Structure formats: C-alpha cells, structure tokens
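J.: Handing you this structure, nothing more for now.
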Amino acid sequence: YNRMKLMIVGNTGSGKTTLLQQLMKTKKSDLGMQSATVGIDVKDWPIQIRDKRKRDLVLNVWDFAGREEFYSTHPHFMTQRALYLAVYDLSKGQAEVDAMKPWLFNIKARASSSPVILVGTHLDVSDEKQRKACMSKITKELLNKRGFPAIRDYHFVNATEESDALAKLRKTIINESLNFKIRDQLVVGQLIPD
Ligand SMILES: Nc1nc2c(ncn2[C@@H]2O[C@H](COP(=O)(O)OP(=O)(O)O)[C@@H](O)[C@H]2O)c(=O)[nH]1
C-alpha cells in the first residue's frame with residue numbers, strides 16, 4: 001500500500017487551481033482565468049518513481065478551497081500521515097506570510113505532521129523586491145518557528161509553466177513522501193487487509 005496524503009492549502013487568490021492542473025499535466029489552449037474551489041475535494045497523483053527497478057507512489061491530494069468556510073470549520077482534515085504544501089502568493093511580498101500565519105489554527109491545534117514546502121506562485125507578476133521580502137519574512141517567521149514545526153523549505157514557482165518551476169516540487173514532495181514514517185512505519189508501502 002504505497003499511498004500517502006497531501007494537503008494543498010492557501011488563501012484564495014494564491015493560484016492553487018493552475019498549479020495543480022499544470023502538475024497533473026494539463027497544458028495550453030485552455031482557460032487561463034481558472035475558477036476557485038469550494039469544498040474540500042481529493043484526487044489521485046500516481047507519480048512514477050525510478051531506480052534500477054521501477055517503483056511508484058500515489059498520493060491522496062486534498063484540494064482545499066482558500067476560503068474560511070472550508071478551513072476554520074473543518075479541523076478534521078489534519079493528519080500525521082500527510083504532507084503539507086502551502087500555496088503562497090509572491091505578488092503581495094511579505095504580506096502574504098502574515099496572511100498565511102493564522103493557518104496554525106488547524107495545523108497546530110490538531111496534531112499534524114510533516115509540512116514540507118511553500119510554493120511561491122505569481123512569480124511571473126511579482127517583483128524581485130517582493131520575492132526577497134517574501135523569503136526574508138518566510139524565513140524570519142515560519143522557517144524559524146511558526147509556532148509548530150513549520151521549519152522546512154520553499155520554492156518560488158512560475159506555476160503557470162512546468163519546466164523546473166514544477167519539476168522541483170514534484171521531486172521535493174515525492175522524496176519526502178517516499179521516506180516518511182509514522183510510528184516508524186513507512187507510510188508509502190504498508191501491509192493492509194483489503
Ligand atoms: N499570472 C499567474 N496567474 C496564476 C498563477 N497561478 C494561478 N493563477 C491565477 O489563479 C486563479 C484561480 O484562483 P485560486 O486561488 O486557484 O482559487 P482557490 O482554489 O480558492 O485557491 C486563476 O484565475 C489565475 O488567474 C501564477 O502563478 N501566475
């Protein structure tokens with residue numbers, strides 16, 4: 001059972017829809033101005049893994065509307081066998097760290113584990129000054145110690161494009177999932193009934 005969960009969260013406007021669609025291999029000549037999610041949905045992410053012998057990993061990725069009605073009201077989505085990814089809007093500079101700061105409300109309040117990364121979206125419409133302010137504040141606040149072990153890393157991603165912008169995220173998430181253990185049991189590779 002090579003399955004693990006992932007929570008994709010952020011404040012609406014951060015661009016999660018485009019990010020996940022490009023990560024799922026959508027392309028061009030389609031709607032640019034994509035809609036925003038309501039509710040909390042889930043999709044499978046079967047990302048092939050290689051070695052001298054082929055491997056795989058399928059994530060249960062949870063699509064959370066970046067709206068309070070689908071966050072502060074649903075604490076039961078926090079778990080310890082999931083990775084966490086924040087979709088961060090770079091066009092607001094460091095102001096977005098302050099905007100994400102309150103998400104502790106569910107993340108610390110209810111036991112959770114293995115946060116991994118922040119994804120800096122809107123790279124293409126953000127200033128260098130903003131990106132510098134972002135990484136400065138992200139580090140100052142979150143990577144130092146949001147209030148819980150938010151102490152991980154980030155990538156600034158041109159989410160509209162694939163390239164390295166997305167390859168870096170796929171590599172980061174799979175490498176963490178693939179090596180994550182809960183109660184010393186690798187999540188990706190359990191022996192279960194049925
Ligand atoms: N320029 C640019 N636009 C983006 C990017 N990512 C997504 N989009 C915008 O994201 C909008 C969708 O809103 P969204 O925040 O994903 O709603 P949510 O599901 O509540 O989080 C789309 O209409 C696009 O205009 C990006 O990195 N660059």
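We name chains A, B, ... following the order of the structure tokens; residues begin at 1 in each chain, and ligands are numbered from 1 as shown.
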What lies within 8 Å of residue 122 in chain A using only C-alpha atoms, ignoring chain neighbours under 3 positions off, as an mmCIF file with C-alpha atoms, in the first residue's frame?
T.:
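The resulting file, part.cif, is shown below:
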data_model
loop_
_atom_site.group_PDB
_atom_site.id
_atom_site.type_symbol
_atom_site.label_atom_id
_atom_site.label_comp_id
_atom_site.auth_asym_id
_atom_site.auth_seq_id
_atom_site.Cartn_x
_atom_site.Cartn_y
_atom_site.Cartn_z
ATOM 1 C CA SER A 14 -2.774 32.198 -4.490
ATOM 2 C CA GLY A 15 -3.351 30.200 -7.673
ATOM 3 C CA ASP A 89 1.179 34.494 -3.331
ATOM 4 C CA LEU A 90 4.502 36.286 -4.098
ATOM 5 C CA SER A 91 2.772 39.354 -5.529
ATOM 6 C CA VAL A 125 3.910 39.043 -11.923
ATOM 7 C CA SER A 126 5.993 39.572 -8.802
ATOM 8 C CA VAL A 157 7.433 28.746 -8.762
ATOM 9 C CA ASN A 158 6.244 30.047 -12.065
ATOM 10 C CA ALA A 159 3.117 27.843 -11.540
#
J.: So which residues are near ligand 1, meaning at most 6 Å away with only C-alpha atoms and all ligand atoms counted, given back as a list in words?
T.: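 Checking only C-alpha atoms and all ligand atoms against ligand 1 at 6 Å gives residues 12, 13, 14, 15, 16, 17, 18, 19, 33, 34, 35, 36, 37, 65, 66, 121, 122, 123, 124, 125, 158, 159 and 160 of chain A.
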J.: Kindly assemble as a Markdown table a list of the range 148-176 of chain A residues that lie within 12 Å of range 183-188 of chain A, each paired with its nearest atom pair and their distance in Å to one decimal, using only C-alpha atoms, sorted first by chain and then by ascending residue number.
T.:
| residue | atom | partner | partner_atom | distance |
| --- | --- | --- | --- | --- |
| A:174 | CA | A:188 | CA | 10.1 |
| A:175 | CA | A:188 | CA | 11.0 |
| A:176 | CA | A:188 | CA | 10.2 |
J.: Can you write just those residues out, N, CA, C and O atoms, as a PDB file, in the first residue's frame?
T.:
ATOM      1  N   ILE A 174       7.675  14.015  -3.585  1.00  0.00           N
ATOM      2  CA  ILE A 174       7.851  12.582  -3.661  1.00  0.00           C
ATOM      3  C   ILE A 174       8.978  12.133  -2.758  1.00  0.00           C
ATOM      4  O   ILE A 174       8.830  11.136  -2.056  1.00  0.00           O
ATOM      5  N   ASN A 175      10.107  12.849  -2.744  1.00  0.00           N
ATOM      6  CA  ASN A 175      11.205  12.425  -1.894  1.00  0.00           C
ATOM      7  C   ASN A 175      10.798  12.416  -0.422  1.00  0.00           C
ATOM      8  O   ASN A 175      11.192  11.521   0.335  1.00  0.00           O
ATOM      9  N   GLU A 176       9.964  13.373   0.003  1.00  0.00           N
ATOM     10  CA  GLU A 176       9.529  13.351   1.391  1.00  0.00           C
ATOM     11  C   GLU A 176       8.525  12.236   1.652  1.00  0.00           C
ATOM     12  O   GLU A 176       8.657  11.490   2.621  1.00  0.00           O
TER      13      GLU A 176
END
J.: As a PyMOL selection string, please: all residues of range 67-172 of chain A that backbone DSSP puts in helix (DSSP H, G or I).
T.: chain A and resi 68-70+75-77+90-92+95-107+123-125+128-145+163-172
J.: Please produce a file of those selected residues containing N, CA and C atoms, as a compact mmCIF listing (two decimals), in the first residue's frame.
T.:
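So the final result, stored in result-v9.txt, reads:
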# COMPACT_ATOMS: atom_id res chain seq x y z
N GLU A 68 -12.46 30.74 4.20
CA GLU A 68 -12.60 30.37 5.61
C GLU A 68 -13.64 29.29 5.89
N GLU A 69 -14.73 29.27 5.13
CA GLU A 69 -15.82 28.31 5.30
C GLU A 69 -15.40 26.86 5.08
N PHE A 70 -14.25 26.67 4.42
CA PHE A 70 -13.73 25.36 4.12
C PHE A 70 -12.43 25.08 4.87
N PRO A 75 -11.53 21.13 10.94
CA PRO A 75 -10.30 20.75 11.62
C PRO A 75 -9.96 19.26 11.48
N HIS A 76 -10.95 18.45 11.12
CA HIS A 76 -10.76 17.02 10.97
C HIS A 76 -9.90 16.61 9.78
N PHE A 77 -9.49 17.55 8.94
CA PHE A 77 -8.62 17.18 7.83
C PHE A 77 -7.14 17.16 8.18
N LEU A 90 3.31 35.44 -4.14
CA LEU A 90 4.50 36.29 -4.10
C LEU A 90 4.23 37.73 -4.45
N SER A 91 3.06 38.01 -5.04
CA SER A 91 2.77 39.35 -5.53
C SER A 91 2.41 40.29 -4.39
N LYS A 92 2.26 39.73 -3.18
CA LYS A 92 1.94 40.51 -2.01
C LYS A 92 3.20 40.72 -1.18
N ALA A 95 3.62 40.34 2.90
CA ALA A 95 2.28 40.48 3.45
C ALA A 95 1.58 39.14 3.44
N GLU A 96 1.92 38.29 2.48
CA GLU A 96 1.28 37.02 2.40
C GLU A 96 1.70 36.12 3.57
N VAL A 97 2.91 36.31 4.14
CA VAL A 97 3.26 35.44 5.25
C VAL A 97 2.28 35.75 6.34
N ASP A 98 2.04 37.04 6.58
CA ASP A 98 1.09 37.43 7.61
C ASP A 98 -0.30 36.86 7.31
N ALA A 99 -0.68 36.83 6.03
CA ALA A 99 -1.96 36.26 5.62
C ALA A 99 -2.04 34.75 5.88
N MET A 100 -0.93 34.02 5.71
CA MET A 100 -0.92 32.57 5.98
C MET A 100 -0.73 32.23 7.45
N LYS A 101 -0.08 33.11 8.19
CA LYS A 101 0.20 32.91 9.60
C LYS A 101 -0.97 32.23 10.39
N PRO A 102 -2.25 32.69 10.32
CA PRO A 102 -3.40 32.17 11.04
C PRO A 102 -3.74 30.71 10.76
N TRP A 103 -3.16 30.10 9.72
CA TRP A 103 -3.47 28.71 9.35
C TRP A 103 -2.98 27.68 10.38
N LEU A 104 -2.25 28.19 11.38
CA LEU A 104 -1.84 27.48 12.58
C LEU A 104 -3.09 26.94 13.28
N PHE A 105 -4.18 27.71 13.15
CA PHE A 105 -5.48 27.44 13.73
C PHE A 105 -5.82 25.97 13.61
N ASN A 106 -5.63 25.36 12.43
CA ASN A 106 -5.89 23.93 12.35
C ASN A 106 -4.59 23.12 12.46
N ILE A 107 -3.50 23.62 11.86
CA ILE A 107 -2.26 22.84 11.77
C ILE A 107 -1.63 22.50 13.13
N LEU A 123 4.94 34.16 -9.65
CA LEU A 123 6.32 34.53 -9.85
C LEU A 123 6.38 35.52 -11.00
N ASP A 124 5.66 35.21 -12.06
CA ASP A 124 5.67 35.97 -13.29
C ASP A 124 5.14 37.39 -13.19
N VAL A 125 4.45 37.71 -12.10
CA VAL A 125 3.91 39.04 -11.92
C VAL A 125 4.40 39.65 -10.62
N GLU A 128 11.23 41.46 -7.90
CA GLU A 128 12.34 40.84 -7.19
C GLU A 128 12.33 41.25 -5.73
N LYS A 129 11.94 42.51 -5.47
CA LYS A 129 11.92 43.04 -4.12
C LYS A 129 10.92 42.27 -3.29
N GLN A 130 9.81 41.89 -3.92
CA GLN A 130 8.80 41.15 -3.23
C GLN A 130 9.31 39.76 -2.94
N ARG A 131 9.93 39.11 -3.91
CA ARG A 131 10.43 37.76 -3.67
C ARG A 131 11.47 37.77 -2.56
N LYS A 132 12.32 38.79 -2.53
CA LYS A 132 13.32 38.90 -1.49
C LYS A 132 12.64 39.14 -0.13
N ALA A 133 11.62 40.02 -0.09
CA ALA A 133 10.87 40.27 1.14
C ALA A 133 10.17 39.02 1.61
N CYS A 134 9.67 38.24 0.65
CA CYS A 134 8.95 37.01 0.91
C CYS A 134 9.89 36.06 1.59
N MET A 135 10.99 35.70 0.94
CA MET A 135 11.86 34.70 1.55
C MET A 135 12.43 35.18 2.88
N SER A 136 12.60 36.49 3.03
CA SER A 136 13.10 37.04 4.27
C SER A 136 12.10 36.81 5.39
N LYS A 137 10.83 37.17 5.16
CA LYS A 137 9.76 37.03 6.14
C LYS A 137 9.36 35.57 6.35
N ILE A 138 9.40 34.78 5.28
CA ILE A 138 9.06 33.37 5.36
C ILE A 138 10.06 32.76 6.31
N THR A 139 11.34 33.07 6.12
CA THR A 139 12.33 32.53 6.99
C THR A 139 12.18 33.07 8.40
N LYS A 140 12.12 34.40 8.52
CA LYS A 140 12.04 35.06 9.81
C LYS A 140 10.96 34.49 10.71
N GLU A 141 9.77 34.29 10.14
CA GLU A 141 8.64 33.81 10.88
C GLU A 141 8.48 32.29 10.85
N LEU A 142 8.29 31.73 9.65
CA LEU A 142 7.82 30.37 9.52
C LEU A 142 8.90 29.33 9.59
N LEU A 143 10.03 29.60 8.91
CA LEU A 143 11.05 28.57 8.84
C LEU A 143 11.83 28.57 10.14
N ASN A 144 11.81 29.68 10.84
CA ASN A 144 12.41 29.72 12.15
C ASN A 144 11.52 28.95 13.12
N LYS A 145 10.24 29.35 13.24
CA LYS A 145 9.29 28.64 14.08
C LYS A 145 7.91 29.28 14.05
N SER A 163 8.41 22.97 -16.96
CA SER A 163 9.82 23.27 -16.56
C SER A 163 10.29 22.88 -15.14
N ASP A 164 11.26 23.65 -14.63
CA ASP A 164 11.85 23.42 -13.32
C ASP A 164 10.90 23.91 -12.26
N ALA A 165 10.11 24.92 -12.63
CA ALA A 165 9.15 25.53 -11.75
C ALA A 165 8.33 24.45 -11.08
N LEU A 166 7.89 23.47 -11.85
CA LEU A 166 7.15 22.40 -11.23
C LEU A 166 7.98 21.14 -10.96
N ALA A 167 9.00 20.83 -11.77
CA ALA A 167 9.74 19.59 -11.52
C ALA A 167 10.32 19.58 -10.12
N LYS A 168 10.76 20.74 -9.64
CA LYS A 168 11.32 20.88 -8.31
C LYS A 168 10.33 20.48 -7.21
N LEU A 169 9.04 20.75 -7.43
CA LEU A 169 8.04 20.47 -6.42
C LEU A 169 7.75 19.01 -6.44
N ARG A 170 7.67 18.43 -7.63
CA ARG A 170 7.34 17.02 -7.69
C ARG A 170 8.44 16.24 -7.01
N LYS A 171 9.69 16.62 -7.26
CA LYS A 171 10.81 15.93 -6.66
C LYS A 171 10.79 16.09 -5.15
N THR A 172 10.52 17.30 -4.66
CA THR A 172 10.52 17.56 -3.24
C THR A 172 9.46 16.73 -2.51
J.: Quick one: pick out all strand (DSSP E) residues within range 121-156 of chain A from a backbone DSSP run and write them as a list in words.
T.: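 Answer for range 121-156 of chain A, restricted to strand (DSSP E): residues 121, 153, 154, 155 and 156 of chain A.
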J.: Only N, CA, C and O atoms, please: the residues just picked out, written as a CSV table (one decimal), in the first residue's frame.
T.:
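And here is the file that came out, part30.csv:
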chain,number,residue,atom,x,y,z
A,121,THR,N,3.8,31.3,-5.8
A,121,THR,CA,3.1,31.5,-7.0
A,121,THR,C,3.1,32.9,-7.4
A,121,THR,O,3.4,33.8,-6.7
A,153,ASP,N,11.1,24.3,4.1
A,153,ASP,CA,11.7,25.0,2.9
A,153,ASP,C,10.7,25.6,2.0
A,153,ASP,O,9.5,25.5,2.2
A,154,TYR,N,11.2,26.2,0.9
A,154,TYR,CA,10.3,26.8,-0.1
A,154,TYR,C,10.8,26.8,-1.5
A,154,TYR,O,12.1,26.7,-1.7
A,155,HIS,N,10.0,26.9,-2.4
A,155,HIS,CA,10.3,27.1,-3.8
A,155,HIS,C,9.5,28.2,-4.4
A,155,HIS,O,8.3,28.3,-4.2
A,156,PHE,N,10.2,29.1,-5.2
A,156,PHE,CA,9.4,30.1,-5.9
A,156,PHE,C,9.2,29.6,-7.3
A,156,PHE,O,10.1,29.2,-8.0
J.: Of the residues A:3, A:43, A:67, A:54, which is the one nearest to residue 20 in chain A, using only C-alpha atoms?
T.: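 Checking each of A:3, A:43, A:67, A:54 against residue 20 in chain A, counting only C-alpha atoms, the winner is A:43.
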J.: Could you tell me how far CA of residue 152 in chain A sits from CA of residue 46 in chain A, in Å to one decimal place?
T.: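 Result for CA of residue 46 in chain A versus CA of residue 152 in chain A: 24.3 Å, one decimal.
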J.: Quick one: pull the distance between CA of residue 84 in chain A and CA of residue 7 in chain A, Å, one decimal.
T.: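 Going from CA of residue 84 in chain A over to CA of residue 7 in chain A covers 5.0 Å.
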J.: Excluding same-chain residues fewer than 5 positions from residue 5 in chain A, what lies within 9 Å of it counting only C-alpha atoms, as a PyMOL selection string?
T.: chain A and resi 58-62+79+81-84+177
J.: Rank nothing, just name the residue among A:161, A:74, A:127, A:86 nearest to residue 39 in chain A, using only C-alpha atoms.
T.: A:74
J.: One number please: CA of residue 10 in chain A to CA of residue 118 in chain A, in Å, one decimal.
T.: 9.6 Å
J.: My list of candidates is A:9, A:116, A:38, A:173. Which is closest to residue 87 in chain A when distances are computed with only C-alpha atoms?
T.: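 The shortest atom-to-atom distance to residue 87 in chain A comes from A:9.
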